[PDB]
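Just the one chain here, the form deposited in one PDB entry, laid out as structure tokens.
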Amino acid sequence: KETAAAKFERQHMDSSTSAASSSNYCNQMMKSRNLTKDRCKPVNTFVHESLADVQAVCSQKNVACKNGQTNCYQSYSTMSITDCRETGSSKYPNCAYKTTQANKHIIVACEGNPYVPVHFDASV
């Protein structure tokens, strides 16, 4: 279908912009990245840093993932991110999201060879 690494890039990377522009940023990106195609994905984070900088997190601070696995890594520094959260009124297929732009550390799960990000765990 799509490799685990390519799925993570499509769902979470937005290196083209340095930050969310408007309050309509999530509504647009969630659709263009096809995250509202069968349902409205409730939460989704987009990272505004280069792909190389995001893949480097895999060799930074090892921490437990929310599920208890230990292949999660936190960035040593803060990164520009956009948190997208479904609104209380939102109803598929008319998905509506609330956009929050912020600078935070990210936590990702990595796997493979090369060892790259395959899952977005959280923003701290």
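Shifts are known only where both forms have a C-alpha. One rule holds for the numbers: they count along the sequence shown, beginning at 1. The term rigid core refers to the most C-alpha atoms you can superpose between the two forms while keeping them within 1.5 Å.
Between 89-97 and 70-78, it is 89-97 that carries the larger average Cα temperature factor according to the deposited entry. Once the C-alpha B-factors are averaged per stretch, 32-40 and 52-60 rank with 32-40 first. The entry assigns its greatest Cα B factor, within the set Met13, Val116, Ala19, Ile106, to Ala19.
The same protein also exists as the form solved in complex with a partner chain; that form is not shown, yet it is the one meant from here on.
In this core-based overlay, residues 21-23 form the only run of three or more whose Cα positions differ by 2 Å or more between the shown form and the other one.
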